[PDB]
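What follows is each chain in one-letter form.
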Amino acid sequence: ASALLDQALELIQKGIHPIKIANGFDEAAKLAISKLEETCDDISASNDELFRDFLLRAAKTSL
Amino acid sequence: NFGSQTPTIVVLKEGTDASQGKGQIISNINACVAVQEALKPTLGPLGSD
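Residues numbered from 1 in each chain as written, not as in the entry; some residues may be left out. Chains lettered and ligands numbered in written order. Part of a larger assembly, values for the part shown. Heavy atoms only, no water.

cryo-EM is the method the PDB entry lists for this structure, together with a resolution of 3.39 Å.

As structure tokens, this is what we get:
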């Protein structure tokens, strides 16, 4: 959120209205979510033995 | 007669405002214009908060 705010400081200096700034991130955020939803793969096809390993992948990431 | 001072009787209380003028009303308009200035840029979709 600070990164969006820091980059917005330079655009306020150029004289862009804040609503056009806010609408730009809203269209960009949904566009990025729409792309990342396509590229990620599903893990439900694997059995329970490999599904336990995916939790170990995320468990070691969070700890 | 009961006192050497003889205080002059004020009509209203001390600290009670007195208000006669062609103005007076201009201050009320400027007071409304002051509050109106705060709500001025909040109009329309391209406004502010």
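Next, the rest of the story.
### Observations regarding the overall build of chain A
This is how it is decided: By definition, any uninterrupted DSSP run of H or I lasting at least four residues is a helix, any uninterrupted run of E lasting at least two residues is a strand, and each is numbered from the N terminus. Radius of gyration means the value over C-alpha atoms here, while the globule rule gives 2.2 Å times the residue count to the 0.38 power.
Helices and strands together make up the secondary structure of chain A, namely three helices and zero strands. Secondary structure elements in chain A, listed N-terminal to C-terminal, are α-α-α. In terms of C-alpha radius of gyration, chain A reaches 19 Å, well past the compact-globule figure of 11 Å for 63 residues. Considered along the principal axes of its C-alpha atoms, chain A spans approximately 55 × 25 × 10 Å.

### Here we look at the overall build of chain B
Selection criterion: Using a 1.4 Å probe on the protein chains alone, a residue whose accessible area is under 20% of its type maximum counts as buried, one over 50% counts as exposed, and one in between counts as partly exposed. Areas reported here follow the Shrake-Rupley algorithm with a probe of radius 1.4 Å; residue values treat only the protein chains shown as occluding.
The secondary structure content of chain B amounts to one helix and zero strands. With respect to the three principal axes, the spread of C-alpha positions in chain B is 75 × 25 × 10 Å. Burial status across chain B gives 2% buried among its 49 residues. A total of about 5000 Å² of accessible surface is found on chain B, and carbon and sulfur atoms cover 60% of it.

### A short note on unusual backbone geometry
Residues and elements named next belong to chain B. Its identity is not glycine, yet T6 carries a phi of approximately 55°, on the positive side. A positive phi angle, close to 50°, is found at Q24, a residue other than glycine. For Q24, the location among the structural elements is in the segment before α1 (25-38).

### Focus on a nonpolar patch on the surface
Selection criterion: A patch consists of residues exposed above 30% relative accessible area that lack any salt bridge, with like charges linked at up to 9 Å and nonpolar side chains (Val, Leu, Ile, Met, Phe, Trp, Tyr) linked at up to 5 Å. In the sections that follow, a salt bridge refers to a side-chain nitrogen of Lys or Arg positioned within 4 Å of a carboxyl oxygen of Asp or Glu.
Taken together, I43(A), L50(A), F51(A), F54(A) and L55(A) make up a surface patch of nonpolar side chains, about 390 Å² in accessible area. Its place among the elements puts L55(A) in helix α3 (residues 48-62).

### So, the packing of aromatic side chains
Using the following cut-off: Aromatic pairing here means that ring centres of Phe, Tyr or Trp (its six-membered ring) are within 6.5 Å. Orientation follows from the plane angle: under 30 degrees is stacked, over 60 is edge-to-face, and everything else is tilted. Either the NZ atom of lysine or the CZ atom of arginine qualifies as a charge over a ring when it sits within 6 Å of the ring centre and within 35 degrees of the ring normal.
One pass over the structure, following the stated rule, counts zero aromatic pairs over all chains. Positioned above the aromatic ring of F54(A), the side-chain terminus of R57(A) is 4.8 Å from the ring centre.

### Structural notes on the environment of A58(A)
Tracing the backbone through its elements, the reader meets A58(A) in helix α3. Taking C-alpha positions, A58(A) is 16 Å from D48(A), a pair spaced ten residues apart along the chain.

### Observations concerning helix α1 (residues 2-14) of chain A
All names here are of chain A. The cut-off we apply is this: Given a helix with a known number of residues, its expected span is that number minus one, times 1.5 Å.
Taking 1.5 Å of rise per residue, 13 residues should cover 18 Å, and α1 covers 19 Å from first to last C-alpha, within 8% of that figure. Within α1, only one of the 13 residues are buried, leaving the element largely exposed. Once α1 finishes, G15 follows within two positions and takes phi at roughly 95°, a positive value.

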